[PDB]
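A.B. asks: the data below comprise the sequence and an experimental structure of the protein.
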Amino acid sequence: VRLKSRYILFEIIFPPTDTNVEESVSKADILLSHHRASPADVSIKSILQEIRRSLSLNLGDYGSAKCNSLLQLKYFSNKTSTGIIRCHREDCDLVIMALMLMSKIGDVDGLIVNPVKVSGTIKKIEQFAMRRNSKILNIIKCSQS
Amino acid sequence: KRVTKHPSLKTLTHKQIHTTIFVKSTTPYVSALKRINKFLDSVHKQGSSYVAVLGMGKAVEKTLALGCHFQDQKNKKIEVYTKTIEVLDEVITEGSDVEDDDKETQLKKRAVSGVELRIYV
Amino acid sequence: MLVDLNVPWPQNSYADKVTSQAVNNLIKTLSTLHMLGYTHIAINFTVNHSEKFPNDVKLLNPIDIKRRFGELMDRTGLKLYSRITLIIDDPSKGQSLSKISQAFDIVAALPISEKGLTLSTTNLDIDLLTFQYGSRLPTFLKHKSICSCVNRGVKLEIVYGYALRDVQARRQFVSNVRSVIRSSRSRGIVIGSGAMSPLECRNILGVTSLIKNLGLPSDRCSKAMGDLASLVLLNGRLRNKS
Amino acid sequence: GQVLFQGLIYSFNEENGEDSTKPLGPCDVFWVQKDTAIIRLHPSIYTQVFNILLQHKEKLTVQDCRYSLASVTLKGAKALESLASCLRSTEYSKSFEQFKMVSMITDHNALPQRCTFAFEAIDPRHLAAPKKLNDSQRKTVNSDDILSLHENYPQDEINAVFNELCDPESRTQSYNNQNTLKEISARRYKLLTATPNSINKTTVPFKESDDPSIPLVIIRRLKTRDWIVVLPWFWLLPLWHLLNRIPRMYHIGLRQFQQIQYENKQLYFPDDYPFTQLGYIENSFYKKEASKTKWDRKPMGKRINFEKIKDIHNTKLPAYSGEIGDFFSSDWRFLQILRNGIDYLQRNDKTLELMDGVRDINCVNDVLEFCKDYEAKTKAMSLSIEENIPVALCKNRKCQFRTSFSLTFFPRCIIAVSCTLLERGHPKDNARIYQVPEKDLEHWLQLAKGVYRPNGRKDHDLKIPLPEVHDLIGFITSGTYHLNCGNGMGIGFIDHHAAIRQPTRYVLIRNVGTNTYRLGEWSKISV
RNA sequence: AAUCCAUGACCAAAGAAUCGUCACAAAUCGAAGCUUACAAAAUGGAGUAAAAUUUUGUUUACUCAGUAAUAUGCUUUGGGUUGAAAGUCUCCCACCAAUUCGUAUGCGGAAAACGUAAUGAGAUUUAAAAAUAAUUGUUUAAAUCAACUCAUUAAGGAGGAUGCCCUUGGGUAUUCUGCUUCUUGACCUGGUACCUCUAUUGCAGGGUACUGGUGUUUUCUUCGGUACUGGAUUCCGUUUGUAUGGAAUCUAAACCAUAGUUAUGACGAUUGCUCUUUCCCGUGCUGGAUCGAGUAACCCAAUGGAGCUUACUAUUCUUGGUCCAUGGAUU
Ligand SMILES: [Mg+2]
């Protein structure tokens, strides 16, 4: 009767996996060392192919066929590592579990995929992204002192 | 002696009322934070510069608390001003079983200290 | 607020001395847990039931959160608690709980055999029951024992970290967690992350979706996880104080 | 001081040496020149008021005003800023000199009680556009002006305007030369060519010969907190047009008037007032028949079943098994008969028993059966032969509160209170008001103090200690979610005996179909 | 022919409710709210305790508003919302003693291509439906009933006659005579009479009172007048006249829903309804208790309200009545 869509916001976080280098313990230092940057070999068709492979490997044949009907990456840029994937409201939990089960990129290792906000509209997703970006600047300004 | 207190004269033109929060003694802290954030966002589309925060009497303490919260939490310039507020009090003067509400009235002025707190963007 | 109760300590025995690299990796993974968003952290330390317990009270816990993590505690703003699991196989080399219950805060068990489950359900002052999710379960999870150990207050702990280690043990972990969900009837289910590396920790949404697709309803996951973790922390703190 | 008030009117009836008084309703009485008294109120009761007044007119003069004098109500902060921009004065006057400054106050509660400004205004169609008044002394407005307003008052001109409005000769002379829209347009077109050829004037000047002088009255009310302006019948339309022409003014209706008056703490004659005759009679009738028609309209399996609701009262009785009162209306007959039976039970013996021409009642089940058979008999003929609930706002002070088998002879007075929900819950109209018991007194106090979960948030998922049945002390008439404080406001009427019984101000609220009991605190309203 | 039982066809009403839960000094699938600033402690508050000071005065250490507020918490509700959100349907959402439907016309109604009431008739042979504005899969009827269309019935008071309960008298229904309900108005042309402006007149234009006439009113669909409805500030004149008027600069908002922009999510628990399965008291009871199933279908807002039509309810929830419909039985 009405096509119900639901977008998922996900972020790529790189943990400082280095035991030979000691790290500073605070809020903004770990926020900066976790939000450093995404590598150059990052694209939309390269992340969609990887998540499709992971979904087909973890769920199966029908589990990937039911979710791959409306599985698209609407907006994503490698500068901040925030992407918005479109999916249905029935298979949203399956897409979240697939994002959780994302092991690694074909060339880049040691990364975590974190789903932050999920909703059925893009306007509220953009509003929450702007709110999160504004909140990020506060700890930065406070720690620069 | 029976005596009632009316509010103080508020003369707001059209927009000084909009970008101004009057902090009561029963006003919660988080609701004040929320309304202050709404005012701060809506000011520059209202066309003002600052957000006035007016409180007198018991609410002065938590008004200063609201001020020093946004002072360092959001790093926004604050300006504190000490003003005097004149309030009219209606008292009964002595001069039949009659209700005390319906009696002769006399007006008296009372001055109280208050704090105005402006917050920049 | 979220609670993690299964952070493992890189040390198995008591003769095993800690390494600075292990402490650095633990600091890294705790920082990553706090980065993904958490409030309560309870590091776990594993020990064998066959090993000799020390004749000490000032040396039962080779952690000493106050001197090691006490700076991280007031800097980043989280808390740490003491938890110890018991790898129990057979009724031998034991019969001591009143001295291990005062030092640590949470006491868990790891039964791997037939009589281990019976002795865990009989007379063990434990809070959580943990199974080897990586390898096969001992015999079969039945209702006769699980119902009886849940009705008293002991919950079942599920490790979603063991799945992210390799590819082959994923099948065994799934076949074991679904058996535990079918036997426990979805009442006393607490979840923890048994990861030692900062690359195997996830957020609340992914874990919730995983446990929902694995057989647990969305009300059970949230309510159980949150309130039961808070309640086990509370009763542990109470039995530690008094 | 000739200030307007809003009190409770009564129907007095004295033939010779006997006086019986019945609750009539509200009224607004105003004095002018100590001899001219105006009384304004609801038409349905206005008919009876006029009748009982004309019954005694041997040394008294009466004058009806139903189609020659009208009034309109303004509410808000900027309500007087548009009334000033609409109204214009014929010539210099002190009433206008004060009204101009009052229009800039912006706060109605700052002004004192006595504030009545009357003068002779120009025709509303005389103005082209609603031009605002001079606004340059807005900053220099201190308390000295309001202090002097109570001293400086032009009684003479205001009294002259009042006498002109009361007298029917000047009121008719006001219609001397009522210009038409075409005539006003022709005047505006001929003023396009005036002798000063330097300034554009879109208005039209006033004339001392060919122009009608229109008298206005402006009064402030303290209870309703509104500004009522009185103007003759045929003159109200031009004023109303220019009033609604202001682009900050909407037309408020009787339902929205109900919302507004329910907002603060106020009450209504037809709907809220449960103790007057006309109000309670038509309330009970119309509401009960309407609800019953809407109920019988729906088929079985489609409406809430008040008769079959389990877990309503602890130690359930086999008398009703569903709702204790009436399924549709908040009935006070059952309340008063039940409380009379309970009082009789406590008067025969210190304790009460629950289970075991008319029988000598020994258990509350017999009282419920009496209520049921009384209602079954009433199902045929008229109801409320004498009364069910009076109001004792002064009698406890007059003599005392004073509390042979009738159970329906003496009524039970009630006080007007307002119950506010202090925790999770939503009230509705026709709600039941129960009294907190004595054994479960600490649980509600702890719930009102605080009971949180180990997570940190509040905890409402617990078992409720369902109370007994003999705890009915009131009924909520106007229950709607209060938007001014963020909670659920309940307008009910509790008994004074039960109010003095409890040592605390805590009280339970329940719906008519819902089986949950919310906790709250009530506050007495002096209305 | 009366009653009962079962099926089928058709008309009308409604769209079960209650409780709890979901991380981040902010969040959620979303939304609103907790702002007429004071505890009469500002007429330069009320007192206690110590030192010194010839009392005042001054320096320290405390009490009083206690029903006290309690830090991103807290309360509410969220797809038929006035039973259809659906539909190329109609209308209101500025006035106009009147070129402005000045419409006292069966009733109600602001209007409605709107509801209903009494009588008569009608079927491409008809006022008009078919086999040479909207909507609907079937799309009024065509033995009788039921349904559609069109043609008449102006409001109130008084008298007489008839019919019913009732037989002083009074009440209701029908029908005939007949009064009261009164804003010098279809539009338009010509003639006469009076007054004002254009600053002497004949004459030129407008208004009013009267008479005469269909007079090419064939543009048979809108063509009349008035109204700056967002906010800020400044200048000037005023008891000689009006008690308020004149004009200037800059910006762009008018943003508003006890759902609000296509969001109304995830499950758990409780009560109620339909039939069937059984038990019990007293045949029976809006009776109680298990063993089960079902809680549907039509479809979904995008500014608000009313009317009409069209989709819905077969083990794919229900309810009430009717039937010159048939089937069985008694009189
Ligand atoms: Mg639509």
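C.D. replies: Noted; the coordinates are in hand. Residues are numbered from 1 along each chain as shown, chains lettered A, B, ... in the order given.
A.B. asks: what parts of chain A come near RNA strand E?
C.D. replies: Counting by C-beta under 7 Å from any atom of the strand, chain A comes close to RNA strand E at A:1-2, A:4-5, A:89, A:116-121, A:123-124, A:127-128, A:131-132, A:135. (C-beta placed from N, C-alpha, C; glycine too.)
A.B. asks: chain C next: which of these are close?
C.D. replies: A:116, A:118 (C-beta under 8 Å from any C-beta of the partner chain).
A.B. asks: dump the C-alpha coordinates for stretch D:31-42 into PDB.
C.D. replies: Output of stretch D:31-42 as PDB, limited to C-alpha atoms (Å, rounded to 0.1, in the frame of the first residue of the first chain):
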ATOM      1  CA  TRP D  31     -23.300  49.300  40.000                       C
ATOM      2  CA  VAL D  32     -23.500  52.800  38.500                       C
ATOM      3  CA  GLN D  33     -24.600  56.000  40.300                       C
ATOM      4  CA  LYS D  34     -25.600  53.700  43.300                       C
ATOM      5  CA  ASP D  35     -29.000  53.300  41.700                       C
ATOM      6  CA  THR D  36     -28.400  51.800  38.200                       C
ATOM      7  CA  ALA D  37     -27.600  48.100  38.700                       C
ATOM      8  CA  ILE D  38     -26.800  45.900  35.700                       C
ATOM      9  CA  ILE D  39     -26.900  42.100  36.000                       C
ATOM     10  CA  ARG D  40     -25.600  40.000  33.100                       C
ATOM     11  CA  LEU D  41     -25.600  36.100  33.000                       C
ATOM     12  CA  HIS D  42     -26.700  33.100  31.000                       C
END
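A.B. asks: buried residues, that stretch. List them.
C.D. replies: D:32, D:36, D:38, D:40, D:41, D:42 (16 or more other C-beta atoms under 10 Å in any protein chain shown).
A.B. asks: helices of chain A, start to end?
C.D. replies: A:27-34, A:44-58, A:62-65, A:92-100, A:122-144 (DSSP state H).
A.B. asks: check which helices and strands the longest one sits against.
C.D. replies: Same thing as helix A:122-144. The elements that helix A:122-144 packs onto, with contact taken as 3 or more C-beta pairs under 8 Å, 6 or more residues apart in numbering or on different chains; DSSP states H and E, are strand A:5-13, helix A:27-34, strand A:82-88, strand A:112-119.
A.B. asks: which outside residues touch that helix?
C.D. replies: A:7, A:9, A:26-29, A:31-32, A:35, A:74, A:82, A:84, A:116-117, A:119, B:73-75 (C-beta atoms under 8 Å, 6 or more residues apart in numbering or on different chains).
A.B. asks: what are the buried residues along that helix?
C.D. replies: Buried positions in helix A:122-144, judged by neighbour count with 16+ other C-beta under 10 Å: A:125, A:129.
A.B. asks: let me see the contact set for the residue in chain A that chain C sits nearest to.
C.D. replies: Proximity of chain A to chain C (C-beta to the nearest C-beta) peaks at residue A:100, 2.7 Å away. Each residue near residue A:100 by C-beta under 8 Å, 6+ apart is listed here: A:113, A:115, C:202, C:203, C:205, C:206, C:207, C:209, C:210.
A.B. asks: ok, residue C:114 next?
C.D. replies: The contact partners of residue C:114, taken as C-beta under 8 Å, 6+ apart, are C:138, C:139.
A.B. asks: please redo it, this time with the cut-off set to 10 Å
C.D. replies: C:90, C:138, C:139, C:140 (C-beta atoms under 10 Å, 6 or more residues apart in numbering or on different chains).
A.B. asks: quick one on the thing from earlier: tabulate the buried residues of stretch D:31-42 (JSON lines), appending distance to residue C:58 and secondary structure.
C.D. replies: Formatted as JSON lines, those follow (distance: C-beta to C-beta, whole Å; DSSP: H, G, I helix; E, B strand; the rest coil):
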{"residue": "D:32", "distance to residue C:58": "95", "secondary structure": "strand"}
{"residue": "D:36", "distance to residue C:58": "98", "secondary structure": "strand"}
{"residue": "D:38", "distance to residue C:58": "93", "secondary structure": "strand"}
{"residue": "D:40", "distance to residue C:58": "89", "secondary structure": "strand"}
{"residue": "D:41", "distance to residue C:58": "87", "secondary structure": "coil"}
{"residue": "D:42", "distance to residue C:58": "86", "secondary structure": "coil"}
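A.B. asks: which one of the residues you listed is nearest to residue B:91?
C.D. replies: Set against residue B:91, the nearest of the buried residues of stretch D:31-42 by C-beta to C-beta is residue D:32 (28.0 Å).
A.B. asks: ok, how many other residues are close to the spatially closest residue to the closest one that is not a sequence neighbour?
C.D. replies: Of all residues not flanking residue D:32 in the chain, residue D:162 sits nearest, at 4.5 Å (C-beta to C-beta, 6 or more residues apart in numbering or on different chains). Applying other C-beta atoms under 10 Å in any protein chain shown, we find 21 residues neighbouring residue D:162.
A.B. asks: how about the nearest residue to the residue in chain B positioned nearest to chain A, chain neighbours excluded?
C.D. replies: Going by C-beta to the nearest C-beta, chain A is nearest to residue B:75 of chain B, at 5.9 Å. Spatial nearest neighbour of residue B:75, chain neighbours left out: residue A:141 (5.9 Å); criterion: C-beta to C-beta, 6+ apart.
A.B. asks: quick one on the thing from earlier: buried among the contacts of helix A:122-144? Make that a ChimeraX selection.
C.D. replies: ChimeraX command restricting the contacts of helix A:122-144 to the buried ones, with burial defined by 16+ other C-beta under 10 Å:
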select /A:7,9,26,27,28,29,35,82,84,116,117
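A.B. asks: nearest to RNA strand E: which residue in the stretch 201-350 of chain D?
C.D. replies: residue D:301 (2.7 Å; C-beta to the nearest atom of the strand).
A.B. asks: then that residue would be within a strand, right?
C.D. replies: No: the assignment for residue D:301, made by DSSP: H, G, I helix; E, B strand; the rest coil, is coil rather than a strand.
A.B. asks: please report the distance of the nearest residue to residue D:124 once chain neighbours are set aside from residue D:168.
C.D. replies: Leaving aside its sequence neighbours, residue D:124 sits nearest to residue D:238 (C-beta to C-beta, 6+ apart; 3.7 Å). According to C-beta to C-beta, to the nearest Å, residue D:238 stands 21 Å off from residue D:168.
A.B. asks: could you pull out the strands for chain C?
C.D. replies: Applying DSSP state E to chain C gives strands spanning C:3-8, C:40-48, C:79-88, C:106-111, C:128-130, C:155-159, C:189-192.
A.B. asks: does the last one come close to chain D?
C.D. replies: Just to be clear, that refers to strand C:189-192. No: judged by C-beta under 10 Å from any C-beta of the partner chain, strand C:189-192 and chain D are separated, with a smallest distance of 13.2 Å.
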